[PDB]
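One chain comes next, on its own, written as structure tokens: the form solved without guanosine-5'-monophosphate (5GP).
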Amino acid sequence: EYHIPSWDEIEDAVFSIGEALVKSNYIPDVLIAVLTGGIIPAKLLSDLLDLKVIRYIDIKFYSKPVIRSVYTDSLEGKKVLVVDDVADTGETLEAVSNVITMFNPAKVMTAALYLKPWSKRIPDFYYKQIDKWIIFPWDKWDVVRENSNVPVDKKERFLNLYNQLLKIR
């Protein structure tokens, strides 16, 4: 019912996307990270392919995705890769690709670690398609807060810290 990828798998996901890019002859000049789920994949992919330029976008998904801020300079004539962690509906990556296009880049391609089966728009690069609810390492405590019955490690150490946090407000 749950897919809980290890860090070891996350690295494998980054490798696969990296290789796919090199074999497709698409070496990005600029990485656009989707805040905040794309933060960690973008950084890892940056280190792998030696991509020194990373920019960011603050977009949240509510009926439609909403941009809160755009953290980038001129992207004109550049090859851009948008990176998020999981494409569920696919609307987020589409919305980001839509706004980045307005920057007149050479090309915008999209990427995600995992894909959901019935997404409207499929990313250009991805590792695997999973039919389960995905618990990333960087949002595990977000899930435990909604349901502490999920099978994740170090849950006891969290709840002790969690309680003390609530004993303040």
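Throughout, we count residues from 1 along the sequence that is shown.
Missing here is the form deposited with guanosine-5'-monophosphate (5GP) bound; even so, the following discussion is about that form.
Q: Run the site superposition, bring guanosine-5'-monophosphate (5GP) over from its position in the bound PDB entry, and let me know if the shown form is open or blocked under the 3-atom, 2.4 Å backbone or C-beta criterion.
A: Open, per the superposed partner pose.
Q: Do heavy atoms from each of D58, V99 and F103 fall within 4.5 Å of guanosine-5'-monophosphate (5GP) in the bound PDB entry?
A: So, no: the whole triplet misses guanosine-5'-monophosphate (5GP).
Q: Consider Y26 of the chain shown here, and say whether it contacts guanosine-5'-monophosphate (5GP) in the bound PDB entry, taking contact as heavy atoms within 4.5 Å.
A: Output for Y26 is no: heavy atoms all beyond 4.5 Å of guanosine-5'-monophosphate (5GP).
Q: Does guanosine-5'-monophosphate (5GP) come within 4.5 Å of any heavy atom of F125 in the bound PDB entry?
A: So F125 does not count as contacting guanosine-5'-monophosphate (5GP).
Q: Can any non-hydrogen atom of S74 be found within 4.5 angstroms of guanosine-5'-monophosphate (5GP) in the bound PDB entry?
A: Although guanosine-5'-monophosphate (5GP) is absent here, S74 would stay clear of it in the bound PDB entry, with no heavy atoms inside 4.5 Å.
Q: Classify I54 as contacting or not contacting guanosine-5'-monophosphate (5GP) in the bound PDB entry by the rule of any non-hydrogen atom within 4.5 angstroms, answering yes or no.
A: Result no; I54 lies far from guanosine-5'-monophosphate (5GP) in the bound PDB entry.
Q: Residue by residue through 67 to 94, tell me which have a non-hydrogen atom within 4.5 angstroms of guanosine-5'-monophosphate (5GP) in the bound PDB entry.
A: Counting only heavy atoms within 4.5 Å of guanosine-5'-monophosphate (5GP) in the bound PDB entry, the contacting residues of 67 to 94 are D84, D85, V86, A87, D88, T89, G90, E91, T92.
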